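Take a look at the structure below.
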Amino acid sequence: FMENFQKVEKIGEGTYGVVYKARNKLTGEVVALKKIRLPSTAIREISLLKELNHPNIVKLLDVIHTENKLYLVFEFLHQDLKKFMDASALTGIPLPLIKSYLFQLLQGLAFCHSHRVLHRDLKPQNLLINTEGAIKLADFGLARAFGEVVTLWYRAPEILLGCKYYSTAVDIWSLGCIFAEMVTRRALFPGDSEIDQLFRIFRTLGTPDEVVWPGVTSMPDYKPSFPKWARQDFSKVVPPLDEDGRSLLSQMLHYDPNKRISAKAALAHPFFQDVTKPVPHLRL
Ligand SMILES: Nc1nc(I)c2[nH]cnc2n1
C-alpha cells in the first residue's frame, strides 16, 4: 500500500534502494518509483534535477519526501539495455542500432555535461529503451548528491586508482565500455574486485605510465609494484567493429581523463556519418 500510488510492484534493486513500477493514484500514469534507502543537502540538489529535460535523459518527474522517507519518481520505460543485450545475444544488436544508441547516449551525456551534471555510475541497467528506437540515461546527478554487489565493470581507472575528484571523462569511459559490450556481446572488463577490475584494464590497454598518463604514479592507490603489461590492439579487442568505430572507442578509453574525447566531440566523429534511428525488436 501507498497513500499516493497503486498497483506498486518491484522492478529490481537499484544503486539506492528498491525500484518499483507504480501507478499514480490521481492520474493513472505508470512511473518508476525509487525508494532511497537511508539529509537536507541531497533533497535541494536532487530537486534541481527535476528541471534537467532532454530526449535521451529519463525524466525525473518528482522528488517526494514524506513520512521521513525519500522517493524519486521517474518516467517508466519498458526495458533496460542489460536485458536487451541478453535478449539479442544469439544474433547481436544490429550495428545500425548500436550506432543509433551510442549516438543518442552521447547526446544525453553532452546535455548533462553542458549543465555541469555528471552520472559517475553509468551501466547497462541504467540505460533504458523504448519501442520507438530511443535510449535514455537514468540516474544522472544522483551520485554527487547522495555520495547487493556493486558492479565495477564500467568504472574509470582514475576512480579505481582512488582519485576522489570526478570529471566528465568518467562517463565517457563507462560509455566506451558499454559500446564495446554491445559490439562483442561480452563485457569488456568484467572485474569481480577493484584490483581485478584494474588489472583487466591493464592487461588490455597496457599498464599505464607517466608517458601516456602524466600524474598517474602519484594517484592515491597507485603502487609501483603493479605488473607491467603490454597494450593489445583494439582490432583484437572489438572485432568486427570497423576502423571508425575502433578509433572512436580508442578515444573514449584513453587512460588520462583529460585526453578522453568529450561527448560533444564524439558526436562529430566520422563513425556517425551514416547514423540512423532504426526500430528495435523489443519483446515485452
Ligand atoms: N523500468 C525502469 N527501470 C528503471 I532502473 C528506471 N529508472 C527510471 N525509469 C525506469 N524504468
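As shown in the C-alpha cells, the chain order sets the letters A, B, ...; within each chain, residues go from 1, and ligands are also counted from 1 in the order they appear.
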Neighbourhood of ligand 1 at 6 Å, counting only C-alpha atoms and all ligand atoms, reported as JSON, numbers by chain = {"A": [32, 58, 74, 75, 76, 77, 78, 79, 126, 138]}
Restricted to N, CA and C atoms, what would the selected residues look like written as a tab-separated table (two decimals), in the first residue's frame?
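Okay, this is what ended up in selection_11.tsv:
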```
chain	number	residue	atom	x	y	z
A	32	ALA	N	8.30	4.88	-12.68
A	32	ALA	CA	9.31	4.15	-11.90
A	32	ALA	C	9.51	4.90	-10.60
A	58	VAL	N	16.21	10.13	-18.83
A	58	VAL	CA	14.94	9.69	-18.21
A	58	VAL	C	14.43	10.78	-17.30
A	74	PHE	N	10.31	8.67	-11.57
A	74	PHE	CA	10.84	8.80	-12.93
A	74	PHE	C	9.85	8.33	-13.97
A	75	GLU	N	10.09	8.76	-15.22
A	75	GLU	CA	9.30	8.27	-16.38
A	75	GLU	C	9.70	6.80	-16.60
A	76	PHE	N	8.71	5.91	-16.69
A	76	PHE	CA	8.89	4.47	-16.82
A	76	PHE	C	9.19	4.11	-18.27
A	77	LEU	N	10.21	3.29	-18.45
A	77	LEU	CA	10.50	2.67	-19.79
A	77	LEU	C	10.47	1.18	-19.60
A	78	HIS	N	10.21	0.47	-20.71
A	78	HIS	CA	9.84	-0.96	-20.61
A	78	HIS	C	11.00	-1.92	-20.60
A	79	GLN	N	12.22	-1.50	-20.92
A	79	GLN	CA	13.34	-2.44	-20.89
A	79	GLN	C	14.65	-1.66	-20.68
A	126	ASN	N	21.16	1.16	-16.12
A	126	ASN	CA	20.53	2.50	-16.06
A	126	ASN	C	20.40	3.16	-17.42
A	138	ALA	N	19.25	6.99	-17.15
A	138	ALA	CA	18.64	7.27	-15.84
A	138	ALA	C	19.69	7.51	-14.77
```
Find the nearest atom pair between each residue of region 60-161 of chain A and region 227-245 of chain A for residues within 12 Å, count only C-alpha atoms, give distances in Å to one decimal, sort rows by chain and ascending number, and present the table as JSON lines.
```
{"residue": "A:92", "atom": "CA", "partner": "A:240", "partner_atom": "CA", "distance": 11.7}
{"residue": "A:94", "atom": "CA", "partner": "A:241", "partner_atom": "CA", "distance": 11.6}
{"residue": "A:95", "atom": "CA", "partner": "A:241", "partner_atom": "CA", "distance": 8.7}
{"residue": "A:96", "atom": "CA", "partner": "A:241", "partner_atom": "CA", "distance": 11.7}
{"residue": "A:98", "atom": "CA", "partner": "A:245", "partner_atom": "CA", "distance": 10.7}
{"residue": "A:99", "atom": "CA", "partner": "A:245", "partner_atom": "CA", "distance": 9.0}
{"residue": "A:102", "atom": "CA", "partner": "A:245", "partner_atom": "CA", "distance": 10.6}
{"residue": "A:103", "atom": "CA", "partner": "A:245", "partner_atom": "CA", "distance": 11.8}
```
Take the residues from that selection and write them out as a PDB file, in the first residue's frame, keeping N, CA and C atoms.
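And here is the file that came out, again_38.pdb:
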```pdb
ATOM      1  N   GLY A  92      23.343 -10.795 -31.893  1.00  0.00           N
ATOM      2  CA  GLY A  92      23.882  -9.457 -31.615  1.00  0.00           C
ATOM      3  C   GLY A  92      22.895  -8.344 -31.962  1.00  0.00           C
ATOM      4  N   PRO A  94      21.948  -5.275 -34.053  1.00  0.00           N
ATOM      5  CA  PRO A  94      22.455  -4.839 -35.352  1.00  0.00           C
ATOM      6  C   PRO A  94      23.312  -3.571 -35.261  1.00  0.00           C
ATOM      7  N   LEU A  95      24.331  -3.511 -36.075  1.00  0.00           N
ATOM      8  CA  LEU A  95      25.289  -2.402 -35.979  1.00  0.00           C
ATOM      9  C   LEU A  95      24.597  -1.052 -36.162  1.00  0.00           C
ATOM     10  N   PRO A  96      23.590  -0.896 -37.045  1.00  0.00           N
ATOM     11  CA  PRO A  96      22.973   0.431 -37.158  1.00  0.00           C
ATOM     12  C   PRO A  96      22.301   0.869 -35.850  1.00  0.00           C
ATOM     13  N   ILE A  98      23.245  -0.293 -32.739  1.00  0.00           N
ATOM     14  CA  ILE A  98      24.351   0.067 -31.818  1.00  0.00           C
ATOM     15  C   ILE A  98      24.741   1.524 -32.071  1.00  0.00           C
ATOM     16  N   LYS A  99      24.937   1.880 -33.328  1.00  0.00           N
ATOM     17  CA  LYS A  99      25.389   3.251 -33.661  1.00  0.00           C
ATOM     18  C   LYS A  99      24.358   4.293 -33.245  1.00  0.00           C
ATOM     19  N   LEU A 102      24.509   4.535 -29.373  1.00  0.00           N
ATOM     20  CA  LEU A 102      25.715   5.253 -28.889  1.00  0.00           C
ATOM     21  C   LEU A 102      25.540   6.737 -29.196  1.00  0.00           C
ATOM     22  N   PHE A 103      25.075   7.097 -30.356  1.00  0.00           N
ATOM     23  CA  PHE A 103      24.859   8.485 -30.750  1.00  0.00           C
ATOM     24  C   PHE A 103      23.945   9.173 -29.763  1.00  0.00           C
TER      25      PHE A 103
END
```
Residue 91 (chain A): which residues within 12 Å, counting only C-alpha atoms, same-chain residues fewer than 6 positions away excluded, as a PyMOL selection string?
-> chain A and resi 84-85+182-185+281
Could you pull the residues within 9 Å of residue 82 (chain A), counting only C-alpha atoms, minus those fewer than 3 positions along the same chain, as a ChimeraX atom specification?
-> /A:79,85-87,123-128
Hey, can you spit out that residue selection with N, CA and C atoms as an mmCIF file, in the first residue's frame?
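Output (result.cif):
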```cif
data_model
loop_
_atom_site.group_PDB
_atom_site.id
_atom_site.type_symbol
_atom_site.label_atom_id
_atom_site.label_comp_id
_atom_site.auth_asym_id
_atom_site.auth_seq_id
_atom_site.Cartn_x
_atom_site.Cartn_y
_atom_site.Cartn_z
ATOM 1 N N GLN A 79 12.222 -1.500 -20.918
ATOM 2 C CA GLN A 79 13.344 -2.439 -20.892
ATOM 3 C C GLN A 79 14.651 -1.660 -20.678
ATOM 4 N N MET A 85 20.494 -6.589 -24.430
ATOM 5 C CA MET A 85 21.695 -7.290 -24.953
ATOM 6 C C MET A 85 21.638 -8.788 -24.616
ATOM 7 N N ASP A 86 21.027 -9.158 -23.495
ATOM 8 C CA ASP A 86 20.830 -10.607 -23.199
ATOM 9 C C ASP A 86 19.878 -11.201 -24.235
ATOM 10 N N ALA A 87 18.788 -10.493 -24.528
ATOM 11 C CA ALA A 87 17.775 -10.995 -25.474
ATOM 12 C C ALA A 87 18.346 -11.065 -26.901
ATOM 13 N N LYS A 123 25.846 2.343 -16.508
ATOM 14 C CA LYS A 123 25.912 0.891 -16.658
ATOM 15 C C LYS A 123 24.720 0.483 -17.491
ATOM 16 N N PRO A 124 24.739 -0.705 -18.113
ATOM 17 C CA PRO A 124 23.584 -1.099 -18.911
ATOM 18 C C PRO A 124 22.245 -1.071 -18.159
ATOM 19 N N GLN A 125 22.245 -1.321 -16.854
ATOM 20 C CA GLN A 125 20.994 -1.338 -16.061
ATOM 21 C C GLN A 125 20.429 0.066 -15.910
ATOM 22 N N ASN A 126 21.159 1.161 -16.122
ATOM 23 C CA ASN A 126 20.529 2.499 -16.058
ATOM 24 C C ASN A 126 20.396 3.159 -17.419
ATOM 25 N N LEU A 127 20.494 2.325 -18.493
ATOM 26 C CA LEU A 127 20.215 2.750 -19.876
ATOM 27 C C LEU A 127 18.914 2.081 -20.297
ATOM 28 N N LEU A 128 17.923 2.881 -20.612
ATOM 29 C CA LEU A 128 16.585 2.341 -20.801
ATOM 30 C C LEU A 128 16.126 2.639 -22.218
#
```
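The spacing separating CA of residue 153 (chain A) from CA of residue 254 (chain A) amounts to 16.2 Å.
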Can you list, as number ranges by chain, every protein, DNA or RNA residue that comes within 10 Å of residue 64 (chain A) when you count only C-alpha atoms, leaving out same-chain residues fewer than 5 positions away?
-> A: 33, 35, 43, 47, 69-73
So that I have them on file, write out the residues from the current selection with C-alpha atoms, as a CSV table (one decimal), in the first residue's frame.
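Okay, out_11.csv is ready:
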```csv
chain,number,residue,atom,x,y,z
A,33,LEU,CA,9.4,4.9,-8.2
A,35,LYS,CA,12.9,4.3,-2.7
A,43,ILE,CA,16.9,17.0,-1.3
A,47,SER,CA,15.3,18.6,-6.8
A,69,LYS,CA,11.2,8.7,3.6
A,70,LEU,CA,12.6,9.8,0.2
A,71,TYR,CA,11.3,8.6,-3.2
A,72,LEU,CA,12.3,9.6,-6.7
A,73,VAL,CA,9.6,9.4,-9.4
```
Nearest candidate to residue 257 (chain A) (options A:159, A:31, A:18, A:198; using only C-alpha atoms) =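 Among the listed residues, the smallest separation from residue 257 (chain A) belongs to A:159.
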Just the helix (DSSP H, G or I) stuff from region 54-216 of chain A, please, per backbone DSSP, written as an MDAnalysis selection string.
-> chainID A and resid 81:87 95:114 124:126 142:146 157:160 169:184 194:205 216
Contacts of residue 27 (chain A) within 12 Å, only C-alpha atoms, excl. fewer than 4 positions in-chain, as a PyMOL selection string = chain A and resi 4-6+22-23+31
How would the residues just picked look written out with N, CA, C and O atoms as a compact mmCIF listing (two decimals), in the first residue's frame?
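Output file again39.txt follows:
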```txt
# COMPACT_ATOMS: atom_id res chain seq x y z
N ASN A 4 -0.26 7.51 -2.16
CA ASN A 4 -0.38 8.26 -3.45
C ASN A 4 -0.27 7.42 -4.74
O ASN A 4 -0.30 7.99 -5.81
N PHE A 5 0.00 6.15 -4.60
CA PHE A 5 0.27 5.25 -5.74
C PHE A 5 -0.53 3.98 -5.53
O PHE A 5 -0.82 3.59 -4.41
N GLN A 6 -0.90 3.35 -6.62
CA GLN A 6 -1.47 1.99 -6.57
C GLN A 6 -0.77 1.08 -7.55
O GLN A 6 0.17 1.51 -8.35
N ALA A 22 4.92 1.65 -10.60
CA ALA A 22 3.79 2.12 -9.78
C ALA A 22 2.87 2.95 -10.65
O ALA A 22 3.27 3.48 -11.66
N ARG A 23 1.61 3.01 -10.22
CA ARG A 23 0.60 3.83 -10.86
C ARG A 23 0.24 5.00 -9.96
O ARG A 23 -0.23 4.81 -8.82
N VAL A 31 4.78 4.91 -13.56
CA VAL A 31 6.09 5.56 -13.31
C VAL A 31 7.02 4.53 -12.69
O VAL A 31 6.60 3.48 -12.20
```
Can you pull out the residues contacting residue 147 (chain A)? Cut-off 10 Å, using only C-alpha atoms, and skip same-chain residues under 4 positions away; I want them as a compact mmCIF listing (two decimals) with C-alpha atoms, in the first residue's frame.
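Written file, selection.txt:
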```txt
# COMPACT_ATOMS: atom_id res chain seq x y z
CA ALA A 42 20.60 15.90 -1.09
CA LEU A 142 22.40 11.19 -8.03
CA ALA A 143 25.95 10.07 -7.19
```
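For the choices A:164, A:186, A:283, A:7, the atom-to-atom distance to residue 30 (chain A) is smallest for A:7 when using only C-alpha atoms.
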Write out as a VMD selection string all residues of region 10-155 of chain A that backbone DSSP assigns to strand (DSSP E or B).
-> chain A and resid 10 to 13 18 to 24 30 to 36 57 60 to 66 69 to 75 79 to 80 127 to 129 135 to 137
Do you have the CA of residue 104 (chain A)-CA of residue 155 (chain A) distance handy?
->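 Separating CA of residue 104 (chain A) from CA of residue 155 (chain A) is a distance of 20.7 Å.
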Selected residue, from A:194, A:139, A:210, A:158, that lies nearest to residue 56 (chain A) when counting only C-alpha atoms |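 The closest residue to residue 56 (chain A) is A:139.
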Choose the residue, out of A:224, A:191, A:278, A:108, that has the smallest atom-to-atom separation from residue 264 (chain A); count only C-alpha atoms.
->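 Among the listed residues, A:108 lies closest to residue 264 (chain A).
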Restricting to only C-alpha atoms, whichever of A:132, A:65, A:221, A:160 is closest to residue 100 (chain A) is A:132
